[PDB]
Every structure is written in structure tokens, then in C-alpha cells.
Amino acid sequence: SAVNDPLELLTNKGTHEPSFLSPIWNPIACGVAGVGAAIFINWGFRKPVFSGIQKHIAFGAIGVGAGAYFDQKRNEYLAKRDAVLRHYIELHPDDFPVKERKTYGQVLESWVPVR
Amino acid sequence: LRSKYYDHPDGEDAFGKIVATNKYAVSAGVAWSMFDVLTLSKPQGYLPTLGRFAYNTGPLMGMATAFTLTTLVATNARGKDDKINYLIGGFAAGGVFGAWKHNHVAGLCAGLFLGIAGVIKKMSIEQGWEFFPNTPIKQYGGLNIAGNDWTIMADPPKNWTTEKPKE
Amino acid sequence: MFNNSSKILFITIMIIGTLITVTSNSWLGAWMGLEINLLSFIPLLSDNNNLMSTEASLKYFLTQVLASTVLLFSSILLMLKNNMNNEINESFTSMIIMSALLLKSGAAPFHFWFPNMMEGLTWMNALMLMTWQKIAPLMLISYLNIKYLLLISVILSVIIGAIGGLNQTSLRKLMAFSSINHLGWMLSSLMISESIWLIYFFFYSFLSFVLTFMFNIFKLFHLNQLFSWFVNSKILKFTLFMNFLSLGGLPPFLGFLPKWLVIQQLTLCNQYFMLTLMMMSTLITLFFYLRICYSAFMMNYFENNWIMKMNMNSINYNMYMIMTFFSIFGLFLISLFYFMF
Amino acid sequence: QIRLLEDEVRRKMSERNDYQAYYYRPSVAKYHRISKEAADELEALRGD
Amino acid sequence: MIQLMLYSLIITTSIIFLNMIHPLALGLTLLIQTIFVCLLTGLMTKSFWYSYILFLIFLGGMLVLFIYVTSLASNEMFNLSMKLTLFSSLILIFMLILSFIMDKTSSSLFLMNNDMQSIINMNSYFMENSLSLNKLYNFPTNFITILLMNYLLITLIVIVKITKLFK
Amino acid sequence: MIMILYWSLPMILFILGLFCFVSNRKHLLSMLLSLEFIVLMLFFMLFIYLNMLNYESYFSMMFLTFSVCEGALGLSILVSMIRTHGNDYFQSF
Amino acid sequence: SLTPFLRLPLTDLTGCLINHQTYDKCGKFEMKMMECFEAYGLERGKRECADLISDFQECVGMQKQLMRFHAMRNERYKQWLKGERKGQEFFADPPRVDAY
Amino acid sequence: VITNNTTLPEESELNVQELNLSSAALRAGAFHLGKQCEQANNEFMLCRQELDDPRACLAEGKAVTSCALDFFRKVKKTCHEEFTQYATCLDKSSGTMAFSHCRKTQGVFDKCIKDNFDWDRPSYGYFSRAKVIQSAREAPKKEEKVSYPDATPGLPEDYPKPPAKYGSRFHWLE
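Residues numbered from 1 in each chain as written, not as in the entry; some residues may be left out. Chains lettered and ligands numbered in written order. Part of a larger assembly, values for the part shown. Heavy atoms only, no water.

Its PDB header names cryo-EM as the technique used to obtain the model and reports a resolution of 3.68 Å.

As annotated in the PDB entry, chain D carries the name NADH dehydrogenase [ubiquinone] 1 beta subcomplex subunit 5, mitochondrial and is attributed to Drosophila melanogaster. Per the PDB header, the title for this entry is "Drosophila melanogaster complex I in the Twisted state (Dm2)".

Under the PDB entry, chain A has the name NADH dehydrogenase [ubiquinone] 1 subunit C2 and belongs to Drosophila melanogaster. Check the Subcellular location (unreviewed entry) section of the UniProt entry for chain A; it says "Mitochondrion inner membrane". UniProt, in its Sequence similarities (unreviewed entry) section for chain A, records the words "Belongs to the complex I NDUFC2 subunit family." (UniProt positions renumbered as here; feature names shortened; annotations may be inferred.)

This is the structure in C-alpha cells:
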């Protein structure tokens, strides 16, 4: 368009495709943390980092859950934030009259001559 | 008593101007004075205590007056209001600092420093910004800030309604 | 929960008392909660086993009691001359209430008691005063809205808070000065916003919590002890000590995440000058932390001879260095935190 | 572009505090109503 | 008149309080202060109920600790000075004659004693403490009393934790 | 002025109490006794306000119950302190 | 009343701690206010409770009314000092005790 | 608080006859007076109870005092010695003015009333009960609710929440 519409600019028109990494990143970050923490545990205790994999599996399980649990909370959180902002724009159209897009041919800026 | 240094032209009402500064000068002077008389000097008696307060306050009067008059002198005669004007203002202030401190090097270096201070101060006065502007935003919590209630008393209905008048 | 069972009891009563304050509806209720905090904390602080604990107790009591006295008093005045808890505007009625609260939490001009305290306190007792005895007065400072007083506090909250830290050789006093500086950041952050202040305190709680919790573990009380504390490899001597730099919040240490958050929102308020000053002093804070880390960055120092083995609790050590590992690699959790929006 | 919009809206919404969101400070008459109820409960109760 | 005379007696005793340094002399001074303050709050109250209360808790029981532990005695008894007494008498009298002079009413509080309430007030014809102390026990403002008693219980757990340092 | 004629006396006494709290005394007992006088004045300000209020009056007990506990804690730590050092004298500080 | 941030179940003890409203003439004014504070929050409401806060404060605070009396009686004394009022006129008639 | 624009009654309006009776005088004739004139009082101080502005209750108040005046004039004419004695007991007998110390005179005074008007002494608490009465003033104040049209709104639970736009909309989407 040629019309700087705040609402339509904000509206979830889409065009946001998650990566193969986009959702998976948190699970393979928290689990990687917990696994590394268990290796950290054995490293300081002078125990084999491999040894006692029950600690590593449990750390992985808890972390994975939290990342998935918290990924969910964010997505709800972000959705609500958009809802309020769209609501406030709809509430005060007078405060945010839709603005018109122009082109450089209609403007005069000041440049910097290196010379 | 109640005047503003920076609410007038940069070359007018010297006396009112210095007063609007000297108040913000004396505040620091006596403020440090009560702060240190009880820590280091601890001079038993009231005249000795008057001495420490006098020793502390006078020099800061010297600093403010020296800065003000030199810079006021500039605009009166140099006829302009420039960053350089406050720079000579700061040079004079630290020259007074060296004079009282009886440390020639310490006064001169601070005089350069105070000139930088005045330079930045003039930049604020002339570029329409401020060091400690009031806040444009003051937040009180997440979006669910209204939803973080966990109380367990039943609330009977309200006496007010958002709905439009029905007359 | 240090030695006795009563530690659990007084901690519980303390929690209830402070929780009253943060949930208090009116100044009086907040004052009530504060005094209950005053009760519950004195016995923990005043261990009957040694001496130094007891002297800290009179100073803590003799200070907090006056703080509560003035706080309630100034409350009555404000909530007389305004006949309402939320005054229309901040006048002389209200600055006294902050001056009460600032002393209670140990802010810039009202701090001298706070270093003298540290001598008496043991580690986790100190820790507990460091973290939790500063919630309630700060959350109240939130309600009070006098810009300039907070600003003078923030100005002076780092100058002394770092210059003194340069001078101290007793770890007890360094933690005092370290926090007074950090307290400078909370106070500014609360002048700006509260949600960010909530976050920053929490990360500060976490960081200070892990820090002193290992010092408790190994009972390292003096810079000499740090240089002398045996470790088998003198490598975990260095891996564990990264957190001393997480104090300064340098990016790859997770202390940056809060400092970044405060800086971002603060400059969004456009108090650029204030940022410069606090952030100038931050370097002095990080300066003596390197002064601490001379013990571990280089390896294979000169050591005492008699020690052959070094030992510590399972529970404390097991908890401790999980918190450390997070202090090492915390940033990549950038996604996991969603409370900043 | 959207980020600049968000800040502007956040600027307005903080200046006016219209909307029950980040820049809001909900109050509560619940406790006053409750005390109002207790007063009602005991006025009718007065007298044996 | 009683009210402002009672101010005067409190002022004079307060001047006594800030001078005296012997612990008994100070503790004695508190004792008088308490009677005076009980009298004064009673006058401006609906009745003297609270005055009797805080008398027997504050003075009757709790100042016993202060005098008792301040039985250090200084190892020697008072050297009473008839001069501060005479000044106390002197300052009292012309304050007292001024009290005779001062404006009869405007120099008085405005609070509403049971008598200074209007006749129509149907509530005022109940037992003087009935309606005042009602909500100390009636819900939902009575649990705080439960907090008080447990606070006092916990206070004893604390005292036996501090007062039991190896003996 | 309302405060000058009504809330003035409580102020003058309260400030005098604090100054005596920061004066010079052989031991801390004079301090504890000083803050104790302040509590009575604190009660005085509190009651005249609670008297503005028809039934909120009862809050006296809440303040009194709390205040006596401060005093008890005050005497508690002092008395344990004599017992520790054989003295709680300010020269020990 | 300043808003507890957390609003946890232990605001449930002190929120109704001590109430202006009950059995108070000013209490009617408290309700006239506190409803609005609920409507406009605590910051816009504090902006838009001009009359509500004025009268609510005046009822309990008595500032405006009481200070009106203080000047009113001072002025009586002032004319006496100038000598306008003599031994008789210096005071008015006594209200019948059974009044007010 | 009162101003010259406010409305007040006339001196003449206030100027009506009053009882002039003592405490013992009233407290003696209380019971047999209460049931003769209670409608006067009931509607009188009912309007006072519901509505406090006394400017309107002046008329019914005049009725109340008149009605009591009428009763005692009847007492004056019919039973003087009996009533006076009962009054003399009720104060001389006790400093608390309790009916439980000269009931014999109370009985004989009741006899005289029984002979003159044949009225019955009301119950122990005939006036202690509630008074449910008829409406004569007929002025119920209006029950109303306030309306703040521009109150601060939030996000209703029905407002659609389209899934988020541009991830977390943060620096690098993360």
C-alpha cells in the first residue's frame, strides 16, 4: 500500500514460517544444559562424566519439559501483547490517524559532500 | 533568593544569576561539610567546627564565583555564547582551585576538567536535551498485571458500572 | 537452616512478616510486616555461640528499630495532611518515608551500619541479610515516587559502593560494598520501572546466593585464604571463579542479561547521564573482582604445604556448582526468558 | 517499523494510562466493600 | 486548664528527660511521662479504655524490665539538684499562667469525646467500648489478633533463644 | 495552622527524643530508654489520628503489642550482652 | 490505598485492616471516591477525582472548615486588640447546652 | 458550613411550646405516654432515620411535642396526686432512676389510670420491639448506581488472540 496503516501493519497477516530449528531450539538447549550440568557435576566431584547416566537422563528430561512448558507460556504471552496493542489502536484511532506513504521524489533531504 | 541561573540571557542579572548558582554551590559546600566534620577533622569545639565549615564552604564559593564572572565577562565583552566561553569559565574555576589548594598542578588540571564540564552543560542548554529528564514511561508490570490477584474473599457487586447512563 | 531446628521457625516467621509488607495494603500494615521481619531476623543474626554475632545484633536492632519508628511516624503525617494513603503529590511529607526505607535497606548515604554488620555475620546469615532483608524496603520505595532523592541515592550508590570495595581485605566487607553498588542499579531500575527491577533483583539474588554459598562451603574469609585454599587441579580453582566476573556481568557470564535489561529500559527513559556514572563505577566494581581472581586465572601458584586433601558437604557442593554452571553458560537461554515484553 | 509503532503506542498508553495493561495500577474497593458488609452484618444484629 | 496544663507538664518533664543521665532518673522520668500521656489521650478519646489498657501493659508490666535491668544503680544514689527543680517549677509556672491566658477554645483539640458528639446520634447511646472494639473480633479483621498472639508466642521462642546464651 | 496548633507538640517531643537517641551515654541503656519515650510519643501521634477515625481506634493494640516486643527484644540482646562480656558498655564498641 | 503489587492471599489480612468507610460521615465520601479509583485506576483516577478527594479530605481532614474558624475567631480577637470589642460585646450569646 | 443562600426555617416556625418537664417527670409518665403517641414519633423520627435533613421534619416534630403535651394535660386534670407521688419515688428512691424500687406507687398510679381512662400499662418491652409502620411521608430516597462511561478497559476473554506476529519481535527474533 501507500498508506501507513498502524492496525494492518500490526495485524497477524502471516508470512512467518518456523524453521526446523524454530520450535526445536529450546528443547535442545535446556536438555543440552542439563546434560552439560551433569557432566559438570561429575567433573568437580572427581567422578567419571559418563558414569551415572541416570543423572544425565533426568537432567535432560526436566530441562526438555521446562523448555516446552516455557515455550508455551511465551507464545501465549506474545499473542496477548499483540491483542492489547491492536485493541489500543482500535480504541484511539484519533490518537493514531492512519498516515500516508510518500516517495523520495516528493522530499528534499540534505546530503554530505565528501569532496 | 529564588532565581534561576539559566532562565535569563547569558549576560544579564549577574547578581541574581550568581545567587541562583551560589545556592546550588552552598548546598554542596555545607553538605560535604557536615559529612566530613564527623569523620576526619572532628575538631572539638564550636569555633574549630566553624573553621572546618568555613574551610570547606569558601573554596566552593570561589569555584562558582570564578566560573560565573569569567564567563559572564566573556558574553559582556566577547559578545557571544559559545562552548569556549564556559571553557574559560572552567579554567578560571580550577585556577581558583589551585590557588586555595596551593597545588599548582592540581588546580590547572581540574580547570581543564571543569571547562569540559561547562562545555557539556552548554551543550544541554543549547541542544534542547537534559541530563536527568523526567520519565516518558513508568511501567507497573506484565500484561496480566491486572490478573495477578490470588485473594480469597467474596466481593459483593459494585456500586459503579461502566455501562452508559440510562436516564 | 544452619545448625538448629529453630532456624526453620524464625525463617518462616520472617517470610510471613516480609510477605505481609509486599502485600500490605496501607502503610500501617506494611510497617507491621516490617517489624515482624525485625523480630524474626535478630535471633538468626545473633548467634549465641560466638561474640561478633552479638555486636552485630545491637547495631542491626538499634538501626532497624529507629527506621521503623520513623517510617510509621512519617506515614501518619503523610496520611494525615493528605488524609489518604496515596497523596496527590510528593511533598516533604513523603521524603522522610524514603529516608526511612533507604536506611532500612542500606542505601548510599545511610550505609555505614551495613559494613560494620558484615564482621559479625557468618556467611549464610550475611547472605540472608543481603538478599531478603532488602525486598520489603525496596518494594515500598516503589510506591514512593520522589525522583531526586532516588537519584542522589543512585549517584552515591556506586561511588562509595566501589571505592570502599577497593579497600577491604575481609570478604565480609567486600560483599557489603559489592551489593551497595548493585543496590545502586536496583534503585535506578525501580525509578524507571518495576518489572525490570523485579527481574534484576532476582538475578542478583541468584548470583549473590551462589557466590556466598560456596564461600560458606569452603569457609574462605580473607583474600589470603582464597590464594591458599587447596584445590586438587588448580583448574576448577579457575572454572568456579568465573562467577566473580559474572558479578560485573560481562557478556559470557550471564550477569550481563540483567544489566543489559536495566540499561535498555533506562536509556529508553533518556536518563543517559545517570547510566554513564553507574556504568563508569561498574568498572571499579569489576576491578577489585579481578583483584580477587588473581588467585585462579593464572595457575600453579605458591601454596601451603600441610594440606593434602580438600573436602566439603555433598548437599552444598551439589547445589552450588549447578548454579555456577548456569553462571557460565546462561545467555543461550535468551529464549527461555519471556518476562521482558 | 512495527517496533517503532509499539514504542509510540507504549508512550501514549503510559502518558494517559487509559488501558488496563503494563502502564496501569489497578485499585481495589473489595476490602472497603467487605468492611461495608461487616458493618451491615452487625448493625442488624445489634441488641438482644 | 487541664488540657494545656497537661501539655505544660509533659513539656517540663521532657526537658527533665533530656537532661537526666542517671538511668534510674531517666526511668523515673518515663514513669511520669506515661501517666501524663495516658491522661492526655484519654481526654481526646471517646473514653479512657485505651488509657487503662496501655497503662497496665506499657507502664504496669513493661517498664518493670527497664527499671529492673537499669537497676545498675550507677553504684551510687542520686545527687539531686534543687536548681533544675526550681527551673522546672519556674518554667512550669509562667507556662501555666500563659495557659490561663491562652485562648480558651482554639488552644484545644477538636476531637469528639462521647460528650462532644451530637444528641441525635443513635449509635452513641451504647456501651462506650462496644462499637469501638467490635471489629477486633468480628470477621474478617479478627485473624490479625491471631497473628498478634502467635507473634507473642514467637516472641517468647526468641527470648529463650537470646536469653539462653550458655546460661 | 492546623499542624502548628495540634500536631506540633508531638513533633517537638519526637525530635527531642531522637536527639537524645544519638547523644553520648555511658552504656546503651539511655538509648533504649530514649527510644522508649519515642514510642510513647509515637503512640501519641498514632492515637490522635485513630481518634479522627470513628472505630479504627482499636489499632492501638496492634501498635502497642508490636512496640513492647521491640523493647523486649531490646532488653533481650542487651542482657545477653552483659552476660557475654561481663558488660555491655559502650567502651566495648 | 496504595496497591499491593503481588496481591497474594495475605493481602487478605491487612487490606480491610482499618476502614474509613464504616459508620463515618466521611465514609460516604470514601465510597464516592473509591468507586472512581476503581474505575480510572490509581493514576488517571488521582487525576480525575478533584471534587471527590477535596470533599473526602475536607470531611475527615476538616482543614478548610476548621481553619476557617481559626481565622474567624482570630479576627474577633483582632478587633478586641484594636479595642472595638469591650467587656460586654467581646463574646456572643451561649448556645443552649442541649443543642448540637 | 451554612451559607446565606441556604434555606432555613422561620423563627416563628421554631417557636412552639415544649414540655419543660424533669427527668423524673418524663420517666414516670413514660409507659402510658408511649402507646398513646407513637404514630407521631414513628413517622416523625422515621423520616429522620431515612432522611437526616431536619428542615422538613419540623412539622412532624411539632406534632410530637404537641401530642405529648396533650397527654400530660390529661394527666394533670385527672390523676395528679398519684402521678406526682410516683414521680417523687422514682427520683428520691435511687440515683439511677430505676422502676424496681417503688412499684407500689407504680401500681397505685396504674389504679388511678385504670379508673380514669381504663388504659393498660404496656408490656415490659412493648416499645423494645421493632416498629414496622405505615408510610405517611411517602419519600423513599432513590436507589441508584453510578456510571463512569470512560472507565479504563482491559482485554476481554472473547477478544481474539491471533497467534503471535514475528516471533518474540526481539533483536534477532530471539
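Helices and strands together make up the secondary structure of chain D, namely two helices and zero strands. The principal-axis extent of the C-alpha atoms belonging to chain D is close to 75 × 15 × 10 Å. Taking all 48 residues of chain D together, the buried fraction comes to 56%. For chain D, the separation between the mean place of its 10 positive charges and that of its 10 negative charges on side chains is 8 Å. (Helix = DSSP H or I, 4+ residues; strand = E, 2+ residues; numbered from the N terminus. Buried < 20%, exposed > 50% of the residue type's maximum accessible area, 1.4 Å probe, protein only. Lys, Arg positive; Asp, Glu negative; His and termini not counted. Charge placed at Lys NZ, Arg CZ, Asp CG, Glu CD.)

What follows concerns the overall build of chain A. Within chain A one finds three helices and two strands. In sequence order, chain A lays out its α and β elements as β-α-α-α-β. Radius of gyration (C-alpha) of chain A: 25 Å, far over the 13 Å computed for a compact globule of 115 residues. Principal axes of the C-alpha set define a box for chain A whose edges measure 70 × 50 × 25 Å. The burial tally for chain A puts 31% of its 115 residues in the buried class. When contacts within chain A are restricted to residue pairs at least 6 apart in sequence, those whose partners lie at least 24 apart make up 67%. Surface exposure of chain A reaches about 7,800 Å², of which carbon and sulfur atoms provide 65%. Averaging the positions of the 13 positive and the 11 negative side-chain charges in chain A gives two centres separated by 15 Å. (Rg over C-alpha atoms; globule rule 2.2 N^0.38 Å. Contact = heavy atoms within 4.5 Å. Areas by Shrake-Rupley, 256 points an atom, 1.4 Å probe, with all protein chains shown as cover.)

It is worth spelling out the interface of chain F and chain E at this point. Counting residues at the interface gives 42 residues for chain F, matched by 56 residues for chain E. Taken together, the two surfaces of chain F and chain E that pack against each other cover about 4,900 Å², and 81% of this comes from carbon and sulfur. Inspection of the chain F/chain E interface yields zero salt bridges. Scanning the region where chain F abuts chain E turns up seven residue pairs in polar contact. Counting residues per element, the ones that place at least two in the side of chain F that touches chain E are α1 (2-21), α2 (29-52) and α3 (59-85) of chain F. Here the element with the most residues in the side of chain F that touches chain E is α3(F); it accounts for 16 residues. Its residues placed into classes, the side of chain F that touches chain E shows 28 nonpolar, ten polar and four charged. (Buried area = accessible area lost by both parts, 1.4 Å probe. Salt bridge = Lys/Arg side-chain N within 4 Å of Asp/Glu carboxyl O. Polar contact = N/O pair within 3.5 Å; in protein donor to acceptor, adjacent residues only side chain to side chain. Nonpolar A, V, L, I, M, F, W, Y, C, P; charged D, E, K, R; others polar.)

Of the residues lining the interface, five residues belong to chain H; the matching set on chain C comes to five residues. Buried surface at the junction of chain H and chain C, both sides included, amounts to about 500 Å², of which 73% is carbon and sulfur. Across the contact surface, chain H and chain C share zero residue pairs in polar contact. Grouping the amino acids of the side of chain H that touches chain C by side-chain chemistry returns two nonpolar, two polar and one charged.

We now examine the packing of aromatic side chains. Within this structure, the stated rule accounts for 63 aromatic pairs over all chains. Aromatic pair B:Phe35 and C:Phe112: ring centres 6.2 Å apart, planes at 40 degrees, arrangement tilted. In this pair, B:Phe35 sits in helix α1 (residues 14-41) while C:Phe112 sits in the loop between α4 (92-105) and α5 (113-120), so the two residues belong to two different chains. A relative accessible area of 46% places C:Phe112 in the partly exposed class. Seen in terms of ring centroids, H:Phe117 and H:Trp119 are 4.7 Å apart; in terms of plane orientation they differ by 45 degrees. Their pairing is tilted. Owing to a relative accessible area of 30%, H:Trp119 belongs among the partly exposed residues under this scheme. (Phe/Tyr/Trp six-rings, centres within 6.5 Å; stacked < 30°, edge-to-face > 60°.)

Below, the discussion takes up α4(C). All names here are of chain C. Taking 1.5 Å per residue as the helical rise, α4 with its 14 residues ought to reach 20 Å, and the 21 Å between its terminal C-alpha atoms agrees with that figure. The buried count for α4 comes to ten of 14 residues, which makes it a mostly enclosed element. Restricting attention to buried positions, one finds in α4 the residues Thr-93, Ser-94, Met-95, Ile-97, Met-98, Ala-100, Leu-101, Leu-102, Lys-104 and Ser-105. Tucked inside the fold, the buried residues of α4 contact α2 (27-45), α3 (52-81), α5, α7 (135-143), α8 (147-167) and α9 (171-192). (Expected span 1.5 Å × (residues − 1).)

What follows concerns the state of the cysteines. Residue and element names in this part refer to chain H. Taken as a whole and judged by the stated rule, the model has two disulfides over all chains. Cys-79 shares a disulfide with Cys-112; S-S distance 2.0 Å. The S-S bond linking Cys-79 to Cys-112 shows a torsion near -100 degrees; that makes this disulfide left-handed. Highlighted residues: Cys-79 in the loop between α5 (54-78) and α6 (81-92) and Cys-112 in helix α7 (residues 103-116), separated in sequence by 33 residues. Both residues of the pair, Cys-79 and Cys-112, belong to the buried class. (Disulfide = S-S within 2.5 Å.)

Time to look at the arrangement of the chains. Once contacts are tallied for each of the 21 pairs of chains in contact, the highest total is for chains E and F. Kept free of each other, chain B and chain F leave a smallest C-alpha distance of 13 Å between them. These two, chain D and chain F, are apart from each other, with no contact and a minimum C-alpha gap of 11 Å.

With that out of the way, let us pick up the pattern of salt bridges. Summed over the entire model, instances satisfying the criterion amount to 19 salt bridges over all chains. The salt bridge involving B:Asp36 is made with B:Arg52; its shortest N-O contact spans 3.3 Å. Of this pair, B:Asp36 sits in helix α1 while B:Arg52 sits in helix α2 (residues 46-78), placing them 16 residues apart in sequence. Side by side, B:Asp36 and B:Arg52 carry an identical accessibility label, which is buried. Salt-bridge contacts for H:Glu50 lead to H:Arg137; the nearest nitrogen and oxygen are separated by 2.9 Å. Placement of the pair is H:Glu50 in helix α4 (residues 39-50) and H:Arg137 in the loop between α7 and β1 (146-147), with a sequence separation of 87 residues. Among the charged side chains, a salt-bridge network with shared partners connects B:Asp155, D:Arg33 and G:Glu35.

Residues and elements named next belong to chain H. Relative orientation of the contacting elements α4 and α5 amounts to 160 degrees, with a least axis distance of 9 Å. Accordingly, the angle class assigned to the pair α4 and α5 is roughly antiparallel. α4 and α5 meet at a crossing whose hand is left-handed. In this structure, α4 contributes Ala-40, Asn-41, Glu-43, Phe-44, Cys-47 and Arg-48 to the contact, and α5 contributes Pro-54, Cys-57, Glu-60, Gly-61, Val-64 and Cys-67. The class makeup of the residues in the contact of α4 with α5 is seven nonpolar, two polar and three charged. (Axes fitted to C-alpha atoms, helices over the stretch in contact; angles between N-to-C directions. Parallel < 35°, antiparallel > 145°, perpendicular 65-115°, else oblique. Left-handed = near helix turned anticlockwise from the far one by under 90°.)

With that settled, consider the side chain of H:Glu43. Tracing the sequence through the fold places H:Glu43 in helix α4. Each residue touching H:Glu43, except ones within four places of it in the same chain, is listed here: H:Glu60, H:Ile133, H:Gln134 and H:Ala136.

Counting 224 residues, the largest nonpolar core has C:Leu187, C:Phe215, C:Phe244, C:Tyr320, F:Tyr58, F:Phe59 and F:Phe63 as its most contacted members. The leading source of residues in this core is α2(F), at 19 residues. By size, the runner-up hydrophobic cluster in this structure holds 30 residues, among which are C:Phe203, C:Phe341, D:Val9 and H:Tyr159. (Core = buried A, V, L, I, M, F, W, Y, C linked by side-chain atoms within 4.5 Å.)

Residue and element names in this part refer to chain H. Together, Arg-73, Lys-74, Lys-76 and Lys-77 line one region of the surface with positive charge. Structurally, the position occupied by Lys-76 is in helix α5. For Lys-76, a relative accessible area of 64% gives the class exposed. (Patch = residues over 30% accessible without salt bridge, like charges linked within 9 Å, V, L, I, M, F, W, Y side chains within 5 Å.)

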